[PDB]
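Only one chain comes next, encoded as structure tokens, the form deposited in one PDB entry.
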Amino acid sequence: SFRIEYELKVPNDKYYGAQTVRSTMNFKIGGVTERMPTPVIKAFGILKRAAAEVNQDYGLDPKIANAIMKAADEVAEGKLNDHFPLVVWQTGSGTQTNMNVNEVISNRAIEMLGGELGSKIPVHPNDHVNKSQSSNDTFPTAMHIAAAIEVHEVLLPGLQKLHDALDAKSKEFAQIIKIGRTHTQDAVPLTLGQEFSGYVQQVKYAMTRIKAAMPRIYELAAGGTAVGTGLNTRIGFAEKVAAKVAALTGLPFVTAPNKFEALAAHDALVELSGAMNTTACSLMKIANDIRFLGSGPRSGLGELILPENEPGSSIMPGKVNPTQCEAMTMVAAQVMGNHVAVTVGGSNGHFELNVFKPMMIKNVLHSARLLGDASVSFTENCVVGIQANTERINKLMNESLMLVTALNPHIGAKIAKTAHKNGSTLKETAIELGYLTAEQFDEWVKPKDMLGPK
């Protein structure tokens, strides 16, 4: 079932039009997995909604405006995602997605007003849906709205859950004393609470970093039009559209103070990617630490008992693996690659317009989503159920050579050397040698007194 638009066949069941069909014919790169990410499309919904309402100030008939507003909300609410077939690998201004949005909002609005789909009557994609706007200033506007929403709704709440779970564990483990490891080698004592407090600070700081990388994300290009001058838009449009987006989202969007910078570069997305990159480094460390600390159960480090969620092996009967650590550390690796892709696009602006926009936002949204979702999965399915193997930890304290120093201000090396050579404990050796009693060793050597400055 098709309709003719114009000279192109458009499926009768689709709201897009000829310019979207036109764009599908020539950009068949990577197929449907490569379709423009949903948050971009939704963000466009919010944009076209904002612009339509504001445009009533500049001669937009309220009947048309209201229908566009309603159609856009449907877009923004993810109700019309099947009407967006274009890939990331399209024109690098993202204009083809802008046209897609205009066409879909036009035809849904037209339907709503009882017109014929494809007619451009009474809602015209360019004259009404794109009123006061351009390709060059719309896609970057959507990018930033989409990035900020993803950070506030997915990324930061994920991190917060992780931070809170780690902090709870740190408190739970505050009196559990284990052997430090530096260079992977046995080192002086600290609590599991202390070590976990390190992970907490890193996630606290990851969140601080991401927040720090947001102010320029809230700057919107809308109003720059073709080259940043604002040619062919109305005075005040730029500001009023930013403000409507802010009020619709509850986020502090403002018009970009320099539209040339806003269109010719996407340095804010590179900045935000940079924050996610630091965050990936932090999470790699935390998840890899917990992976190793949970290793065994018998012939690894064995300090942590990680929740068992599924079987690990068809051959090795009863094996269970730290599979949440793995998804998280894989996501961390992906984010680091995503960042280089964003950097290469960001660096490759030409004169008035950076035309790597779709790829940059694809990578930013992918990193943000992966990090947010992994942080929740890792929290709910690993961190919250972590228990300490205190038997193992306690045995490893009593079997370590790192406590020998406690005896220095009592008896004055040979214990440690002999214990090391004989394979025995510090206590066993001290007694075998006859330098102290079993009661004495217990008096002198108190690991709870080895956990701070004196």
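Heads up: residue numbers just count along the shown sequence, starting at 1. What we label the rigid core is the largest C-alpha set whose atoms superpose within 1.5 Å from one form to the other. Shifts are known only where both forms have a C-alpha.
Just so you know, the form deposited in another entry exists too; it's not on screen, but the next bit is about it.
Candidate set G236, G114, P252, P311; criterion, C-alpha shift of 2 Å or more between the shown form and the other one after rigid-core fit; matching residue, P311. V320 shows a C-alpha shift of 2 Å or greater between the shown form and the other one [criterion: core-superposed Cα displacement of 2 Å]. Note: the CA-CA distance for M284 and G312 expands in the other form relative to this form, by 3 angstroms or more. Relative to the shown form, the CA atoms of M284 and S313 are pushed 3 Å or more farther apart in the other form. Listed alone, the one run of 3 or more residues present in both forms whose C-alphas shift by at least 2 angstroms between the shown form and the other one, with the core superposed, is 311-320.
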